[PDB]
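1. sequence first, structure after, both from an experimental entry:
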Amino acid sequence: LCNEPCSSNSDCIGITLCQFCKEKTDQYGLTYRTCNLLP
């Protein structure tokens with residue numbers, strides 16, 4: 001749903017109301033690009 005992977009904003013638009021493709025990591029330090037509720 002909203003919590004899923006991305007590469008830009010548009011990747012998270014319409015699929016759900018979560019336009020904010022953010023960059024965070026897990027506990028390991030793997031930075032990944034994921035759809036968030038906000039910027």
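-> In hand now; what should we look at? Numbers count the residues shown, from 1 in each chain.
2. next up, the contacts around the residue lying farthest from the centre of the chain.
-> The centre of the chain is farthest from one residue, residue 28, which by CA atoms, centre = their mean lies 17.8 Å away. Shown in contact with residue 28 (CB atoms under 8 Å, 6 or more residues apart in numbering): no residues. Any C-beta I mention is one placed from the backbone N, CA and C, and that applies to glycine too.
3. helix or strand for it, which one?
-> Using DSSP states H and E, residue 28 falls within no helix or strand.
4. so what does it have for phi and psi?
-> phi -80, psi -30 (degrees, to the nearest 10).
5. could you measure from it over to residue 5?
-> Taking CB to CB, to the nearest Å as the measure, residue 28 falls 16 Å from residue 5.
6. pretty sure residue 16 contacts residue 35?
-> Yes - the pair residue 16 / residue 35 is scored as a contact, 7.2 Å apart, by CB atoms under 8 Å.
7. what residues do those two have in common as contacts?
-> Going by CB under 8 Å, 6+ apart, residues that sit against residue 16 and also against residue 35 are 2, 4.
8. more neighbours, these two?
-> Remark: of residue 16 and residue 35, residue 35 carries more neighbours, 21 against 13, as counted by other CB atoms under 10 Å.
9. three-state assignment of residue 17?
-> Under DSSP: H, G, I helix; E, B strand; the rest coil, residue 17 falls in the coil class.
10. skipping its backbone neighbours, what lies nearest it in space?
-> Distance criterion CB to CB, 6 or more residues apart in numbering; nearest residue to residue 17, sequence neighbours excluded, is residue 2 at 7.6 Å.
11. again, but for residue 35
-> Residue 35 sits nearest to residue 12 (CB to CB, 6+ apart), 3.6 Å away.
12. how many neighbours does that neighbour have?
-> 24.
13. cool, and residue 25?
-> Look at residue 25: counted by other CB under 10 Å, it has 10 neighbours.
14. having no further points to raise, I will conclude here.
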